[PDB]
Structures are given as C-alpha cells and as structure tokens.
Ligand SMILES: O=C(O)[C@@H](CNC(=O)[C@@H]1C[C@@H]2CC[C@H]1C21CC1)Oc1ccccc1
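Given next, in structure tokens, is a single chain: the form deposited without the ligand.
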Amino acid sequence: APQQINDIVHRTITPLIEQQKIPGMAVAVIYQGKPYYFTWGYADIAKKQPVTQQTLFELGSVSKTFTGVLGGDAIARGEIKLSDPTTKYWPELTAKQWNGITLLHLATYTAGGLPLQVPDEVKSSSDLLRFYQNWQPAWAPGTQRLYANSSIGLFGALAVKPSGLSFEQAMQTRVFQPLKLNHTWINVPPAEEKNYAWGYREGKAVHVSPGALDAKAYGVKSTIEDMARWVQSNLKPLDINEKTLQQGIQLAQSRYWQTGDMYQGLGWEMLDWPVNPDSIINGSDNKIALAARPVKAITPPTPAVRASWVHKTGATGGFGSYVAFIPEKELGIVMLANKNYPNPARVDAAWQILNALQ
C-alpha cells in the first residue's frame, strides 16, 4: 500500500488491538476506489491459525446492510413497496395494532418500539407469529426510532415473500453472487469451516447462537476481501450491472428519517460529510445508539447523497465489526475483529484513518 495508508493504519489499528486485547483483526481500506488489506493476530488462538484474507468473521449487525440492499432490490423489482402495509405480505398478521405499520416502519425501526431482540424463547414459525400478534407498541408508527432486530428482521423476512425464495436463496442469488462475494455466507458450509474465525468472549471461543430472524438481523459471515468488495459496491452503485441491484443499493442510502444529525437508510445510517467526529463517536455508544429517539420524516426521502459518511456498527457475542465510507471521496474502511469491543473505539479509529486520507 502507499506509505500514507500504511502509516495511519499502523498508528491507529495496531495500538487499538493492544488496548482492546483483540486476538485477531482484518482491516480493508478502500482508497481512490482500490482496496488495501491489513491483518493481525489469530482467527483461532488454540490452533494458532492466523487471520488471513480468507478468514470469515461474524459481521453481527453489519448484516442489516445486506438485508437493506436486498429489500432495496425487491423494491426495484416491483415486488414490494415500502408504503405497503406489513399485513399485505403476511396476511396471517391480523391483530389490530398492525393497522398502519408499513414495510418502511419495519425497515427503519420506526414501527413503534418493536424490541431490540426477539425473545430467546421464540423459536418456531408459530412462536414468531404469536410474538408479533401479541406485541403492543410503545408509540404510534412513524414517530420514534428504536433500533431493533425484531423490526428489520421482520422486514427482511417479508421483503422476500413475493419472490417465493427463502431469505437465504434470495440473498445469495440477488446480492452475494452478482457482486461475487464468494466467501460470504448466512450459513457457513463445511468447506469453509476451517476459515471460520472463532470469536472470543471472556477468553472463550464462541460462535453466534441461532435465533429467530438471525439471518436477517445479525447472521452474515464474511471475509475482509468480500467486505472490501461490499464497500466498493456501496461506494459506486451505478457501476453495478444488475439494474435492480444497482437501484437497491441506491435506495438503501436514501434518507427516510432524521434524528439529530443522523439519517436512517435501509440498514445503512448516514450523516452529511464533513461530520463532527465527536458526534459519530459519541453517538455510536450503545447508551445512545440503542435508545429511543424522535424522528422527523424526510418527505419524500432524499436520494443517496454522495457527500455522506455512510456507516454501520455490528457485534455478536464474540465479534465486533465496523464499516464506514464516503461516496464523494471513493474512500472506505472495514474493520473486522473476533472480539466484541466498544463502538466508540471502532468509530474513533475509523475516523482517524479516513480523515487522514480524505
């Protein structure tokens, strides 16, 4: 890599790893639209397996960006509309509190306080229907943003219903394959198991536990190379050949709601560039990022703004991930670690690097 990139990355991520006791880390920096790769430590400590360009990490909530784009793609295909009632695509969801809750609300966490997690006890298809049928909103639809796996999770599940594909097949054939993300998986196949990093929590090797809607909200695993390609694709959608996927990526960066200085896209969250770093760093703290916030509708949504900081934090029990990019500058970063460490540390490190190269 050019010396300026090596310099800032080494000065920033290397000490971060030391400070946070991260066993293994892969970083990609996209600079002038080209990817550069950096690796530290071990994917599996016991086996002394190094992190490589082939190592799969749990993306955790970064998976919501895939779900948003896939939803975007279904919109572009004319299969769904964000303006449609949730019930249009789940006619079994008949309970009265669902009147007026649309796919937009589900996708953008604005349905009225759907919970952060689907409860652990919810397993089966029947458990899930029961859960949503009994759920009572804290607020009217389209008034408050409460970040929620149960919200975007349901969006993903419903977005694929008209296609008649499973969520996994739709994701693979409409998003992963066209973008040649060949080592990106919702379900890691046996052939990839040797490349699947262990996460570490309290010193113990762990993988994400299965859960209802996992695939839609937090279940994707990917390598630093595929994630760099994911950044390139989101940086430059209009270079994608599949017309609906091109549009889908664009739609996921539309600004639907504003709270403070942030705007909610589909999976992606965005701020105007230049940003105040303290705003994204402080705002990434879960005490803020997971709290209810009043939203103002953007009526109608603002199309993808090139001069934006576009980003998403992701974690599982044993992993912490971050993706940030600025379309105007052709500049991006991906940070994948097999320890879950605090969000502001990730955002601060990413800011230092991108601000240095911008």
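Start at 1 with the first residue shown and count on from there.
Separately, the form deposited with the ligand bound exists; it is not shown, and the next lines address it.
Tell me which of 43-51, 23-31, 297-305, 313-321 has residues with heavy atoms within 4.5 angstroms of the ligand in the bound PDB entry?
That would be stretch 313-321.
So in the bound PDB entry, does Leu116 come within 4.5 Å of the ligand, heavy atom to heavy atom?
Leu116: yes, in contact with the ligand in the bound PDB entry.
Test of understanding: in the bound PDB entry, would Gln97 fall inside 4.5 Å of the ligand by heavy atoms?
Residue-level check for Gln97: no, no contact with the ligand.
Since only the chain is shown here, I'm wondering whether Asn286 would be in contact with the ligand in the bound PDB entry (any heavy atom pair within 4.5 Å).
Within the cut-off, so yes.
Is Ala292 part of the interface with the ligand in the bound PDB entry - any heavy atom within 4.5 Å?
The answer is no: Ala292 has no heavy atom within 4.5 Å of the ligand.
Considering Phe176, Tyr263, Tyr218, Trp198, which brings a non-hydrogen atom within 4.5 Å of the ligand in the bound PDB entry?
Answer to the contact question: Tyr218.
Only one of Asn149, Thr108, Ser222, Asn234 comes within 4.5 Å of the ligand in the bound PDB entry by heavy atoms, so just point that one out.
Contact with the ligand in the bound PDB entry is made by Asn149 alone.
Give a yes or no on whether each residue among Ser61, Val208 and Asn340 has a heavy atom within 4.5 Å of the ligand in the bound PDB entry.
Every residue of the candidate spot has a heavy atom within 4.5 Å of the ligand in the bound PDB entry.
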